[PDB]
Every structure is written in structure tokens, then in C-alpha cells.
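The chains carry the letters A, B, C, D, E and F, assigned in the order they are written, with residues numbered from 1 in each.
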Amino acid sequence: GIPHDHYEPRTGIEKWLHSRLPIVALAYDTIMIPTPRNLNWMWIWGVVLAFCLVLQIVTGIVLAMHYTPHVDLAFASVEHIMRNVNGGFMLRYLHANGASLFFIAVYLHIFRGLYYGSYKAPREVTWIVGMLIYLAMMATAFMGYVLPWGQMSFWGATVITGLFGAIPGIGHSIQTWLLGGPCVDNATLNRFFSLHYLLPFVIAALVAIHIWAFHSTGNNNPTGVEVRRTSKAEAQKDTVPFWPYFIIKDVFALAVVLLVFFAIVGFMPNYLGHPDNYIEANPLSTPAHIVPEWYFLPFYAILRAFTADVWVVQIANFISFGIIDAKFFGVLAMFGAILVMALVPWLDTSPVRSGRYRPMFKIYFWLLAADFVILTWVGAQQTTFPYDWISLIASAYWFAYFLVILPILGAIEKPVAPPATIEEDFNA
Amino acid sequence: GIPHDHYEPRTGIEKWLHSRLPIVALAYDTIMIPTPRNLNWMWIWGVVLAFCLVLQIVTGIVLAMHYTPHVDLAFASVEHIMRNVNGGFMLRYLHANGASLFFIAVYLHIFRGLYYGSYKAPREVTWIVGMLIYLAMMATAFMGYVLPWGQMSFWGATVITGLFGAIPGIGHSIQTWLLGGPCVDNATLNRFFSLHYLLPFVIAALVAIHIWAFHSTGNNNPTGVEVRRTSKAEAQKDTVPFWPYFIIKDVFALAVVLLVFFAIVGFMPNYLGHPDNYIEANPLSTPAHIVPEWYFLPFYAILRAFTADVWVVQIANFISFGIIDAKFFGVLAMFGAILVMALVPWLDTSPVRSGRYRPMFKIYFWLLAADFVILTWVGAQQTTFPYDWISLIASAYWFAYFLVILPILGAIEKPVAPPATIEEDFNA
Amino acid sequence: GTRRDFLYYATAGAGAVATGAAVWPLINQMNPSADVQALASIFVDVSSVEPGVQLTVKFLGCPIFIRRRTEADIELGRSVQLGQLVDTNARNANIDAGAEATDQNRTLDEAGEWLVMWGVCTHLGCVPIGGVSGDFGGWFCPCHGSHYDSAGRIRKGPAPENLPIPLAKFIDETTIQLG
Amino acid sequence: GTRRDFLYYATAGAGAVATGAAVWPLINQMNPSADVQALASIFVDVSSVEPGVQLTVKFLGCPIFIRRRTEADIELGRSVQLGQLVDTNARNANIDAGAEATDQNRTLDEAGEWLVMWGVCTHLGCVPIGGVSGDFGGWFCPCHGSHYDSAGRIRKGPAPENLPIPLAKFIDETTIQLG
Amino acid sequence: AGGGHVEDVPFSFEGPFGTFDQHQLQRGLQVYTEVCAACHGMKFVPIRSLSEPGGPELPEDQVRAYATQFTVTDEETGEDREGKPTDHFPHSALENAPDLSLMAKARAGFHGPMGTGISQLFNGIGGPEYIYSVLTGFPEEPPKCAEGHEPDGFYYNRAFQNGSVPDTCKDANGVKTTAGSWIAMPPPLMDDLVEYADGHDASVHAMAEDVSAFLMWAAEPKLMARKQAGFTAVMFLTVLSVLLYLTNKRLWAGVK
Amino acid sequence: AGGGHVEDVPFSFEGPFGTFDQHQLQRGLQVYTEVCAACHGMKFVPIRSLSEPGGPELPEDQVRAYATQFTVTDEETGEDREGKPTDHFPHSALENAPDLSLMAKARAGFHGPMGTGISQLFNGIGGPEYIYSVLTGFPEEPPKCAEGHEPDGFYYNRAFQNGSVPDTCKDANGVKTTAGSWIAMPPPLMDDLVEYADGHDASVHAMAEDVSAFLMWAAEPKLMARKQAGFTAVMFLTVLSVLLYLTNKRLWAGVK
């Protein structure tokens, strides 16, 4: 896509292979892509996510060599890993805390894109592929959390399969089909294990298209100004090759991220966990302090904010003749919050790519970022006053940002002029 | 790199998508590759193999939702599938017999290549990738057979992990590492399940490279004469586009293959199985009539043919100061039989591609095909006289074919003239 | 004419049917297996239950609450008027489907002492906490904050309906047959 | 000069060490876990074993054969000369590692009545069939056709060595301690 | 050891259109309960499956009454109780009596010729034939070579091939001369040992075939469903293959 | 329910360089065996782990003698026998006494502020502090609001938050007034209830801290190994990060 020099076989082994299968040529053109010179530290989270996916897979596969997906043995088999398997305690904590690191990385990755307009044309496909990866990660992470068969494991599985029971008409059928019976039991544990194994490979396939997508268009940069393509001379002044300049910066950033991550795993591996999952699943009692995994809290807070008392719920119930009650409304709101984020390329009507040059946009974006942290915090609180209102106000702003502010902003805002080229911004 | 027409976006959705991610362009240029007009019915086994990998994966994932990899529960959980799970009896038999269909297809696939010289230059990479897939299939099929935890399951796992114990010096360390203990127990069952799940995805990844390899060079044809590449005019007289002409022909052949396959599974699902695997694993006794899965029999016959009495074994032991005894010799011979087949592009010194025009080669090739059937048959017999000799003669010819006949044949044979072009052979 | 056009339809139509016949068993295998569908009934010993105690029992892989209600619980339940309930249906398998959610239609006996119901929150399936919990002297579901009253009727939160009452009847003075 | 050349070596060297430290625990987790390494000893009641009976017992997840040999078995074992054996080592943990495979050095007692050994074929680990099987009045392994004699010594087939004899000793008249 | 000869019984369930005889399976269940159950268990067969379609199909009230005769240890309680339909048949009461759940598939009665496997391709695996042959193959007199050498507690059986054999019954190479060998199972059947309600004959021949059919269903309860699926799948792919043949042929007409 | 106050005990194992005190773990094991074991089990702790490094590290002969006191039902034999080191501690003798294997990790003593989790980030989860607080938090007199309303068979504990509370101990919104609530565990400790061999003091304070440390080790036996790995990984990645910084810096010099 970008003008650049191509591969040429030099060794006799290379000349032989290149004339049969140009796999070395493909690795060369991939790793040597001209990348904008002016990428800042927010462009590292792609490599961090890639490492996480590899970390989870290899630690996951290893854990599966010692784990038993059976209700009488699942919890005991995890303690067998922790106590008896060579290094099992560390591999378990790496897989568990690795999921947390995985989700810290996506949220920074996503909000980076939302700020710099990395979802705007010609990058819609990259964004949509990203959203599919994100759904798979959550579904994958959900099923992983069920496997230890603790109290949070068992009752989270009941609730999350219950979401599908809220669908009118067919909901109860889908729920029984997912459950394999009337209630969460052994049949559910066995199938979640198989699907927890499968989905990371589907994520890997999506990541390949994800990587293919932004290689076709080229990486965005903080200015939103595209690389000049009229000649190799000025394309090279806007860019440097990905390897070595940006490989090493990413590997460096990764080493710092992993330095912190291994300190957590080594010295506070349970901080981001829920203590109640060290209690064996008891199907006859729900813990009083049940709370989702922290990376689920914003969407959990959104779902439970919409009770029967909420005015908009009562309108929905009336207009829908009772079909959309508080139960189904909250499920729609939760999945709807994810859907509107997927539709953001067609809701943001501004032609300016980078939010750096959009004065009004900056205000509402940082409110959304603050809102996301707030949503995480209220998710762990009780549903009493004032948290019930904080979650309604927070939920309201999330939908308003994508559905109201962004369409309106693109037809009112007066943006500042961006630089002429990437080179100008880099030298500055 | 055959001359052909390229993709052009037509729909508005295609113009939109093609400028962001040219996945439709890639599928078009892939599915419309000009393929030689004169392919015969021996070119279908590639598509059958592709179907099998998909069949095994989807039936595997489904079976994995109800199977428990634990020695106290594995066998019972398989009977639960057979008796209680909706359609479980059919999904189990499809997965088991599907492995047999998978291996029938590779052997026809391999011998097709061996006859028509599909391994000769420029197709070396395709052949080696095929060989890697073949090794992965055997390792995958081996671990699958262990999962039911029948008598054949348990003792096959003991024997096949024992192969690695025969390596001097490091053999016992590797064996203990594979076993997870001194002998075959639960730790082994748990890890074979994880690896049985993983490897089919590696095969799928290898198959993608496998497909990439022969798309770069173009398919071989029965004449061994390459497609004319000097112009589109004469490339089209030698070829027709893969879709529809060869898609439909493959789907047709597949429908006929699956018709037969489903008759076996429906009406004689246990014919290709061993009845002793319906007996629970007994670690204190080996069945008298233990026999490998039919697709392993030729290599099993080779390994056990080399006893302490065999003259060539006694030479190896003397020259190697006892390092290479009958035990290790049989393992080298077994893996060596596979290795010499991988090296056949560099041992066949004849410049004529297709064996159709090699009069002497035909004789020795069909002896190898007969030898392969013979090797399969003796594998199921006792080790008493005369079967012990039949397996020595059969084993001897396998190595002679690759190491003696084929090098010699390429410097002695007087080949027949092939056709001038693919078009000439097709019209005839 | 349309003679060779029909073949390409008939071929594709047969392929679609063949695919559908193959996809359905891949879906239907996840539906309840024969051991699960072989639903079974149970008997609960009740001689040890004093007023104010809730017994929680497993039935078909889910909790069933058998509470011997106190005098206060019964009085509160009968004092609620129909128009004050979120869900006015009794949700009671033992009587008519259209029965009203009066406290009388929520118990097995006429005296209203024995409240038998599924201990499964009608929102998303968590198990509400009893012992006179919540804001209506009944049960509190800690998962998203549903409050049930002393008859198990939904009063507050996301849950749409009253806790369902299974088929249950006293076989003798001290034994209830569930299902 | 050579100041930035040493860094690129030191950096790569540090990366290599860090990688090795990460790969080893992924390999070592498949080695025997602490429950497996906690090897344990056992005791076998033997008062019920008449001559001509083989008792097969599980020990460390593998079979151990305890055969009370008959008169014929003992006579046959002592009649074999050393030069007729495939493997001339006793393979006996209870005595010197270099001891010869005489029938006397293959039994726990001097009378040679009690043959205790691992019932694990030395070829590829199958369990040989006893009851005076094979061509040498001993055991026959059905997996690839190894024949053992009345003292468990390999005589024919692919198996390279005599069946190993574990640490074993009579604790009293009727009890053997294995390990 | 080796393979051997089995009596080729014509079972109703054999052939692509073969199906179980409902009354025969019920008779076989009666034989199993009154004779075999004393020693043999069926730990993988759920008792409730006697009601399922494609088997004995007993009314669900009868099966509930039938389950009562078994004393089952409740898992939670740990105390004994009456059996339910949801319980499996008990384990073998006799420690060395093998489980019969899958016996009709874990034994092959047809072998060869010369280990080519053509016999099984046409006659089936032959598990119920083998079972039948064992129940039938108890002769009143042993082979002449063991007139004074029978092991105590064992019995000569014509079809059993994995048993021990006296030294006087082996040839110069140690291979056994007798068609069969000595089995630890005493002859279980005898003329009119079972009183069938409908007056069906209860000769050793009939009972051996009846109980062999019952043990085949217990091993492959979904046998009839499997064949129905085979017919359906075969008819689908036959039509599809024909349609795909005409499509492929009519396409290449404009090429050759 | 909610969170509450725990006594901030200074345990040796706290802090990045914290490690178990071997003698303290031995005292805690003595307390568990002589007091807690009457009701509580530890079904996930192998008895053999008392010898493993990073714990009490008792000689293997002492551990073998210790295992003897338990009567275990052998799985194959089914008959009772003496315990081995390879057996786990028994299940809880008292049906409603929870298993203590993972108690020190399944409870959080530090909460908030306002559910932000900053307290746990600096003070840890606080499980052994919670256990200590429960063993310490049994007052002789209950709160004034329940002088004549104590449930029979229950006992007031300052730190226990999940127990029932009398109606007279709730505010106008039904929230409990008392710092804690009523627990079903009777006060297990009392001054000098255990006689330590080395003469160490056995006050309720000392025994509560000692047994809390033992229950922390039983939950996290590999605590010391985990930190060693953390240090190693951190030193590796510190060196690697520095080297990667200089490499990245010296590279971009020929660009900017």
C-alpha cells in the first residue's frame, strides 16, 4: 500500500524457498511496513494484547493438562495444580491475572482508538473486527471463570446464561439449551470447558484479519494526517520501517508492562480477584457479597441500573405492551451499550480524524473515560441510594455520547487545522 | 502465477469493502485459479481430507462437551454420550470412523503423489508440509484413541510413549516427562486430552500453508506437463477455472464418498474398530489380542519385524557396541520408513515427472502399493513363522524402493515421451 | 430454456436440506440428555421445622424453599392489596393459571402456614436470601437487588414476576411431594 | 566503537536468559507432580499363595508379579547356562548391579521359590502373560512377542533385558515389603 | 490364545432392515434377572432405558416396580434404599464375573479367513453369536485328553478360547488341541429353567438366544435409531449425488 | 451484610520480603490438631506437606506418626486403617463447620474506601487478620440491644458480619447497630488451652495469631516460592528493560 522497497532472496536457501513458497517475502513485507514516525506511547497496547493472547493460550493449554472438568473434581483439581504440579501455582496465577492484564490492555486500546479517530474511514473494518474480538474475549473470559467451580463461578454462570432467558418467546428455550437441563449442573461445566478452549483460537483468527486490516490501510497516527503516497521520497519522510524502530519500542514497552504484571502475580496475585471463589460452589445459597470480575463491572452496573421504577423502563413496558419489562430492558441496555460502540464510525459525523484538533470533542471524550471508571466503581457498590442514581446518570451518558453528542458534534464544532504532514508534527 | 483475469469490485458494498480489506479479491483470485483440464478422479482426495478435518473438529468439539478426561469417569462418560446425549451415539461413531476415512484418504492422496511425481520440483515444499501434516495426524489420532480409556486405549498409550524411552541416554527422561509419573495413569489422560484438542488446529494451520504451497505453483496433472505461461490465450487452452468446473466435480465426488462413509457408520460402525476397547482399561493385564488401529498397522509391522534374531539387527548391535539393540532399531526403522518417504524428492533422480511415462517405475511402484497392503495385513497376524519373514521382506522392500530403486531408476530408465501440452492429452 | 436452470436449483436445494440435517444434531446434542429429562420426584421430612425456619432443599438441580411462616409473616402477606403488587399473578402450579396473587393463593394450605416455592430469583436465577430479609419482610436477592415479601411476591427490583410455586401437596401430616 | 556492539550482545543475551527461564516451567510442569514423587511402600499378604499361582499387585501405578514357583519352574531356571541368555545381568535391585542372571540371583530366597519382579515388559512396557506361557515355560508378552523363561529372563523377541526385580524382602513369614 | 467358531444364529436385529423383537428382549430380560444377575452386573445400563423406544419398552410403572428389588446406597444419605429407574443396574455380585453392559460388542465371534477380516464384513462382529455359543457350548463330557486332568472349579466350554488347558491337550508345539478351553462360569442354563408367562418355550437354545438379544440391546440400545439414520442419510446423499452428477456432466459439456 | 474492622496483626509473612516463621507454623499446627480439628477439616491439604520446604518442615518420621491419629477409609479395601502422609486431612467432623483449607484466602478483612479497593492495595486482602479477629472478638457480655434477645445456640462476635441480628439491634431502616453479629461457632480458645512443648505462651492472643499463620500456609503453601519467582522475574525484567531502553534510544538517534 505505502511505497516501499521489496524483498530479494540472497542466500541459496532463500532463492530456493522464495521460488516455491514466498513465506519469507511475506514476513519481510509485514515486519518492514513503513509506520508513521510520530507514534506515541498509546500505540503499544496492540503488542501487549498480542502477548496476552499468547500468554493465555500457552498457560491455558498447560493448565488443561492438570484440570478436570467435572463438578466432583473441578475445584479439587485446581488445588491439585496449586499444591502438587511443578510450578502450578504460578501458571494458575499467570492465567488468572493474565486475563486481567488482557482487559486492561483492550480498554486502553479501545479508548485510544476513540480519541484519535482510528475507527473513521478507511478503518471501519479494523474497528468492526476489533468489536468481534472483544465479544469473544468476554465470552471466553466468562467461561474460564466458571471452570474453578467456586461460588462466583457457579452463580455467575447462572446469571449470564440467564441473560438469554430474557429474550421474549424463545428465551427459555435458549437457556435450557445452553444449560443442558433445568439448572446449572455438570452438563454446563463440561461444555464451557470445550468452548473455553475453542474460542481463543477463533480470537487468534480474528486477530490475523485485524492485523491484515490495518496493514492494508496503514496505521493511524496522533495527527490523523495520512502518509504522503505520491512518491517514495516523501513517504519515507513521514515514516520509518516497523522493524527495528517500532519493534524495539514495543518490546521495550512490553518489558515494562510485564515487569509490573509479574510484580502483581508474584506479590499480590489475588487483589483483582473475588475471595468468594475460594469457596466451593453451593447451588443452594448465593453469597451476599457476590460481585462480578472487575472487567465486567461497567456492563454489570448498566444492566442492574434499569429497575422497574426507572421512568424510561416504564415507558418501554407501556409502549411494548409489557414485552420489554425491567428484566429484558437491562439485558438490551447492556448489549446495546456494546452495540452503539460498534456503530461509532457511522455516528461520529465529524470529518476531522484526530480528536487532538476537536476542542469540544475532548470534553465529552474525557467524560466518557471518566464515566467508564465511574461505571466500574458503582458496579461494586450496593443498589441503594445514591449508587442507584449514579449508575443511572452514568448509564445515560454512555448512550448519549455515541447516539446524541457525536452526531451533533460533527455538524456544529469548529475544529482546529491539523499539521500539513506527519513530518511537521514529528519535528515539532 | 498462471496467466488469468483478476478481480474487479462491482457492488457498492464490494467497492466499499475492497478499499479497506481485499478479502473478497483474495477469495476470487483463489477460487478462480486456472486448473489443468485433465485432472482425473485421483485428485479428489485433497477435498476429502479437507472435509475430514472439518468433520473431526466439529464432531470433536461436540463430543468434548460431554466427555470427562479422568480415568474414573472417562469410559463411563463415553457411554453417557452413546446412551443419553441426543444423537450422541451417531456423533461418537462419526468421530471414530471419521478418523478411518481420514486415513484412507491420506494413503490414496500420498500414493497419487508418488505415482504422478507431485513431490518433484517445484513442489518440494507442498510435500514436506504434507509430511508434517501426516505426522500431526498420527499423533492426533493416537491421542484420540487413548481418550475412551478402554483396554486398547491404555496399552497403546503405554507402548507409544515407550517408543521415546528407546532413545539412548535421554530416552527414560522423555518417557517419564510424557507420562507424568512412572507409568500410564490419570496425569497422562488429562494431558492427552488438551493436546488432542490443540493439534487439529495446528493441522488446520498447516493445511492453510499446504493450500498456499500448491496455489503458488499450480496443481500437477496426470501428464506431468506444466501449464503454458507465455500468454493468457494458451493458458486457457490448458486450464479451466477452479470454480465452477472443479468445485462441482469435487463436491460430487465428496457426496459419493460420504454416501459410502455414512453407510458404514450407519450399518457397520464397529467393523474398523477393535472390540477390546469396549472393555475398561486394566493396568494389571494386557489383552492377548491387542492390535493397533488399522491405519497404524504397516508401521507397527515394521517395528516388530526387527527382533534380536534378525541379522541386520545383530550387525547394528555389534557395530554400535550395544547402543542399537533390537528395541531401538525397530523404532528407528519405523520412523525411518516415514523419513525416507519425506526425502523422496531428493532420492528420485529421474527428470520425468509423471510415472505414467516411466515403464520400469510402474513395476516397482505397484510393488510398493502391494507392499503397503501386505504390511497392513501382516500387522494383524501373530509374530510366529511365517509372518515374521513376510514382515522382513516387506520392510526390506520399503527401504529399497526409496533408497536403491528410485536413485538407480533415474539413471537407467528410458522414459516414454509425454504429450506436448495438457490440451493434447485432454482432447485425446 | 428453464430445464437446466431447474437442475442448479434442485441440486442446491438438496444440499441445503442435507446440511440442515447435519447441523440440527450438532445443536440438539446440547439440549437435556436422557438422564436429565428423566425427572424425578422427592419427599421432604418436615417434622423438625419450627415456625420462623426456612428449609432449603435441592430438587432437579435447583433450590426449593419450604418455610414455615410465623404469625407476623402471614399477617403482612394478607395485608397487601392486589393493586400494590408488581406482578398480580399467583404463579402457582397447584391452582388455576389465572389465579390472583393473594396471600391465600400463594400457600399450599388454607391456613397459609406452609409457603413452598422455587428459591430461584425470577430475574436471572440467583437464590434469594431468606430469614425475613429485604424491605418487605421476605427475601432479598443479592445479585441485582430484588426484594420479595413474606409470600414470595416481587415488590422491588429488576425481577419481573413472583417466585414460582411448584406442584406441591401434603401427602400426609408431615410429608410434601414436590413435582 | 565496540560500546554499542556489546550492548546489542548483552541485550540479546539477557533476552535469551529471560526466555529460557520462561520456557522451563512450561516443560517441567509435565514432570511428575508432588503426589506422584511421594513414593510409598506396600505390604502384600502371601499366606494364601500356593505353588503355581501368580499374584499380580499394583505398586506405584504399575504391576508387580509375585509368583510362587513350582518344582519344574525352579529346576528349569537353574538348568539354563549364562551363555544362552540374551541379557546376562540379574537386573536385581536387592543385590549388586553387576550380579549375573543366575536363577539364584533372580529370587528373594535361597531355595528360589519366590520370584518377585516388575510385571512390565522391557520392550515397550506391556504386561507379559504368565501361568507358564511362551516357549520357555515362563511369560509371553502379546504386544510384540517377547518370551521370558521361568526366572523372568528374556530369551526371544525385541525386549532387550530381563524383567526388573524391585527392592523386595520378607518382613515376616507371610509379608513382603516392596520398595 | 486365538479366535474360534461361533454358531451363526439368525438374529432379528441383523441386516440393514433388522430390528429388535420387543417380546424377545423381554424374555431375555427375564432370563438375565433370574439367572445371570446372580453373578453379572450391567453397571453402564440405566434401568430407566427399559421404557425407552427401541428396546423392551416396558410401561413406566412396571419399571418403577422393577427398580424396587435392588438395594442401592444413596450417595448423600449413605444409607440403603430401594432402587429407582434413574439408577443403573448393579455391579457384578461375583467379583470375577465380567460386566455384561458391552459384552455383545466387546467380543468377536467371526474371524478370518487367514486374518483378512472378510468374515466380519459379511457376518458382523458376532458378539451375541459368541455369547450364545458360550451359553450353548457346555458339553456333558469333556475332551478325551482331559478325562482325569480337569482343574477344580472350572468347566470345559466349546466356544471359550481364553481359558487354561491341561498339558495333555496341547500338541508338540504347545498349542491346544481342543476347540475351546476351560471357563470359570458353570453352565448357567438348563431346559425350562425359566417360566415364560406367554408359554414360550424355555429350552437352553431359546433362552441362550433370548438373553443374547437382550445383551445386544443393552450394549447398543440406539441400534434401531442408528439404522434409520443410515437409511435417511443414504437416501439424501443418493439424491444429492445423482443431482450433482447431472450438474457436473451438463457443465463440462461445454468444455469436452 | 457488609465489611467491618479487623485487628491489624503484624504477621511475619506480610510484606514483599515476608516469610513464614517455622516455629509459629508448628505451634499453629498443634492448636489446629488439639482444638480446631474437633469440628473443622482441611480436605485439600495433604498431610505430607508438613515436610515440604516453606512450611512447618517437620521431620518425615514425625509427620508419619502424626498421620497415624486419623482413621481413613481406604478406597479399594473399604476397611478402616491408619492415616499416611499421602492422605489429606479429614473432612469437617461438624457438618456446618466450614473447611479451613482456603479460609485465609476466602475472607477479606480490609475493604473500601467507598468500595474503591485502595485499602486492600496497601494492607492486603486480610484473611488471616480476619480469622484472628474472630478468635479474638468474642466478648463476655453481648451488646445492650440484645440482652434478652440472644438466639439460642449462637454467640456474638465483633468481627463476624454475616450472622443474624435481633430486631432490637436494627435502626429505622433495618440496618444492624452492632459492630458485628451472632456466629454459630462457640468461643474455641481460652488462656493456656494448649501446652506448647517449648513453653511458648498460649494466651488467646498468641494461639489466635499462631493458628492464623498456619491457616495462611495451608491456603498458600507456596507463598515463599511465589515471591522468589516474583523477585527473579522483576530483576530479569528490570535488567532487560534497561537494556531495551538504551537500545531504543541509541537507535532513534539517527532519526531525530
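Rule of thumb we're sticking to: a contact is a pair of C-beta atoms (placed from the backbone, for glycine too) under 8 Å apart; a residue touches a chain by one contact, two chains touch by 3 or more.
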item	value
Repeat of the A-C interface, chosen from A-D, B-C or B-D (over half of contact pairs identical by residue number)	B-D
Which of A-D and A-F has more C-beta contact pairs	A-F
Between subunit D and subunit F, centroid-to-centroid distance (C-alpha), Å	45
Subunit D and subunit E: spacing of chain centres that average the CA atoms, whole Å	39
Euclidean distance of C-alpha centroids - subunit B vs subunit E, Å	35
Subunit B and subunit F: spacing of chain centres that average the CA atoms, whole Å	56
Per-residue multi-chain contacts in subunit A, two or more chains	65-66, 83-84, 90, 187, 191, 288-289
For subunit C, residues contacting two or more additional chains	30-31, 33-35
Overlap residues in subunit E, where contacts from two or more other chains coincide	46, 49, 233, 237, 240, 244, 247
Complex contacts: residues of subunit C adjacent to subunit A	27, 30-33, 36, 56-58, 60-63, 86, 119-120, 122-129, 141-145, 156-160
List of subunit E residues in touch with subunit B within their complex	1, 3, 16, 44-46, 49, 98-99, 101-102, 105-108, 115-117, 120-121, 124-125, 127, 162, 219, 221-222, 225-227, 229-231, 233-234, 237-238, 240-241, 244-245, 247-248, 251-252, 255-256
Contact set on subunit E toward subunit C in their complex	46, 48-49, 52, 84-86, 232-233, 236-237, 239-240, 243-244, 246-247, 250
Of subunit C, residues touching subunit E in the complex	4, 7-8, 10-11, 14-15, 17-18, 21, 34-35, 38, 40
Residue numbers on subunit B that touch subunit E, as the complex places them	37, 76, 79, 82-84, 89-90, 93, 240, 244-245, 248-249, 251-252, 255-256, 258-259, 262-263, 265-271, 275-276, 278-280, 288-289, 377, 380-381, 426-427
